[PDB]
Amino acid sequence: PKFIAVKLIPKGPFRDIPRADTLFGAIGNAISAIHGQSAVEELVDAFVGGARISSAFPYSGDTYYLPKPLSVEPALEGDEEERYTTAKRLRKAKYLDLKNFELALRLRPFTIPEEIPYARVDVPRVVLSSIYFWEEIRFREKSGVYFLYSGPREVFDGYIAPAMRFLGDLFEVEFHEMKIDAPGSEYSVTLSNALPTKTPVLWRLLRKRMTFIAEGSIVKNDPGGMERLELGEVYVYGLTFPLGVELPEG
């Protein structure tokens, strides 16, 4: 399918690479400050109605990265001293470029990005005495972070676009159409961390207290779901962002 890529161009280093729950939270906040809850409620309705946003991924120059689908971990047998070495380096990879992501979905052979467009530099500081560390994310030249939006343009223009500008005032925003070719399939990857409704096929747990399925997990026809809750009324985003994925039998 085609999607809107929201490119975050960083004006300085970042703390996190935000995932779908944190992105929806931020957007929900900004929209409350711009249009009041009336708008928040219409945002949730649009999302519950089929609109979706991915977690943020790195982009480098004109290269978009996507999460490695957990679909290939058990397929990696698909030189014996090249087989063991390379297979362990795929199993560590968090990201593939678009081209290789599309190949991984079809269980065809693919290759890994050699350098990734961000290093984690966590800086130490002494306190009062002990050492504490603040993880920071440094970006290469013309490198940053993006998320995908699927849904009606009226919901993008009216809620997502304005919210993202407001959120920038640490970054500037620009958006471009993006196509991801994905096989038609019973099965799909989430490009977002999700609160699943069904039990999933393959997954990584992600603890935040909520239990999320990680980006790259595999579900069978699972929309995930949103949660409302009270603590002085906030919505937690856990909807799946599905792309079809070929599974190996086993």
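Basically, rigid core = biggest C-alpha set you can superpose within 1.5 Å across the two forms. Start at 1 and count along the sequence shown; that's the residue number.
The stretch that strays farther, by root mean square C-alpha distance over structures and residues in 7 other deposited structures of this protein after a rigid core fit, is 133-141, when 98-106 is set against 133-141. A163, present in the displayed chain, carries coordinates in each of the other PDB entries compared that cover both sides of it, far from a third leaving it out. Annotation: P242 does not belong to the positions left without coordinates in a third of the other compared entries; each one with flanking residues models it.
According to the record, the deposited sequence contains 4 to 9 residues between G78 and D79 that were left without coordinates. Counting the unmodelled positions of the deposited sequence between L128 and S129 gives a gap of 4 to 9 residues. Between the stretches 31-39 and 195-203, it is 31-39 that shows the larger average CA temperature factor.
The mean C-alpha temperature factor is higher for 223-231 when 19-27 and 223-231 are set side by side. The entry assigns its greatest Cα B factor, within the set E114, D97, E177, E174, to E114. Comparing the listed residues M210, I213, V48, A56, the entry records the largest Cα B-factor for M210.
The entry lists a Cα temperature factor for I160 that places it in the middle third of the chain's modelled residues. Looking at the C-alpha B-factors along this chain, the one for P10 belongs to the middle third.
When all modelled residues of the chain are sorted by CA temperature factor, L103 is found within the middle third. Split the chain's modelled residues into thirds by C-alpha temperature factor. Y84 is in the highest one.
In this PDB entry, the Cα temperature factor of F139 sits in the top third of its chain's modelled residues, the highest group.
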